[PDB]
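Next up, structure tokens for two forms of one chain, structure 1 and then structure 2.
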Structure 1
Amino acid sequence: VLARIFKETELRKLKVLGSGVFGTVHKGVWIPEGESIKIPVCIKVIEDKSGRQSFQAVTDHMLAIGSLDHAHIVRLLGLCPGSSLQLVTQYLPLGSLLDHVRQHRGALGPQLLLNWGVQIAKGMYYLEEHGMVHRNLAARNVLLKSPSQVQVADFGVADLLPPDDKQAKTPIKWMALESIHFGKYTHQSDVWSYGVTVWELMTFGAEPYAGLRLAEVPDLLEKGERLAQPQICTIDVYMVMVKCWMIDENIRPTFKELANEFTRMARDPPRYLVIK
């Protein structure tokens, strides 16, 4: 695939859906010139409020995000350079998997939970096979394309911005220790974030390290503390998560191994998730 470079005139933002550190997200419309059609899209505006740099040039890394497509990632339809960067995707109205599980909780049933572990790993495996480091995997950035199928969103976006060493800006509770301590991001550090994400699913959207201050999270990890075993998880599921949070980057599983292992468990869900 190949992403489109939009003219500013064929994009219109219509409503803010959210706002974080990696930009503001809008419901939008794509109006391709002269075709008499208005296509619903989702628009993420990235503005560098720290250093006030522009995004007028189409970098190799923006083209890399735009040449990826897979059933379990959100395709980047295109972008629109400018003083702020606009990223354009399909609009997925069903929203985020985090909100879904928080609302329905155990009513979702064990098959769907394990199936989603498979799908997120397959999406991540695709991204790894194409050399794309996500840098911000989390249950909030897994989106429902359908009631049963999810897609990994926001891959590559953190790299669109240069680091600011000015003295909360990054998602500490989802990050591998090597990323916190050294700013190093790899497919192996995406595996750590994957383990947190599937922990979010099995707890139905509990907050990781619920009541501790962010400053204290690295020290607890080095001392060997980890997210607790979810109530529905048998020891076999939890052990897959624990291997994801090894400080040794080389002991963590691969995305191929993770998709394989959740495939095997999804073949007999109640032997692995026990939902009262």
Structure 2
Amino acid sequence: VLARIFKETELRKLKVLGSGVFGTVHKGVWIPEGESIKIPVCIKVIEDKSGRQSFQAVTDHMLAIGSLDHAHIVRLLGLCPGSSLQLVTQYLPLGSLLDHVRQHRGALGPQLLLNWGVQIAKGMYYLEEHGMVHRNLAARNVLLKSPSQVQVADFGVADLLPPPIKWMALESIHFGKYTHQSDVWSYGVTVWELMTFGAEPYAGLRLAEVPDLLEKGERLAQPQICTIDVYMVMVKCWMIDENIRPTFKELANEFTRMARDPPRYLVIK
């Protein structure tokens, strides 16, 4: 709810954790004003490609990102303006959901898979009710807070830069149009990642025109552990017409109904 602002002297970068499309994530530390304490944090550095030198001051979008907190999203502890933007969050040691489902695979409970679907839909619903568009939802951007809790990360980051192809909706690919419904598409692909235990969307294919194929009528194939009931949801998430796609609350509710009877909707042996 409240956006905290840091000074460049309060932050320090220890080791590079990894880089993606937008920024570079460092595992670093917080040393507040006047103290000698080192509190382990996660500092993501986004380079200012504005040209107007816009990350030297705290913008409205930064405040929008920093004024969000939910049980199933990654709370932004603080931001640090300047030549480079530094986004500070908690350091979740358990890692991403992608690496986790790739690691344990079938060993994880179907109840946990369904409930994780519910949680992701929860976080996205919270983000949508506050007008926040994610623009980069994926299994890689879902981190484990607890062995039973997952949180959505890297939201609002995309529109910090001036104007991921396999998680984007068609309108986003063609016209750079980003909506909560595009986040619904991305949600469907994320759940596909989840229940296929970390499979790569459109593996054999190349990016050059994944969009062509999506327009030709092809989608991600039905997951081997997925009943027709669960796959139908992903299918509706991948609809071309924008308000044919499900809303995040409907998604959360139906994954809840499925969470009421896990073995009836997921078959793992």
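Shifts are known only where both forms have a C-alpha. Every residue number counts along structure 1's sequence, beginning with 1. Note that the rigid core is defined as the largest set of C-alphas that superpose within 1.5 Å between two forms.
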Rigid-core fit between structure 1 and structure 2, the member of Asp219, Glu225, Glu207, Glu35 whose C-alpha shifts 2 angstroms or more: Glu35
For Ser50, does the CA position differ by 2 Å or more between structure 1 and structure 2 when the superposition is done on the rigid core? yes
In Å, how large is the C-alpha displacement of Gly109 between structure 1 and structure 2 after the rigid core is aligned? 1.7
Taking the rigid core as fixed, quantify in angstrom how much the C-alpha of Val191 shifts between structure 1 and structure 2. 0.2
Which segments, of 3 or more consecutive residues, undergo C-alpha shifts of no less than 2 angstroms between structure 1 and structure 2 following superposition on the core? 34-37, 48-54
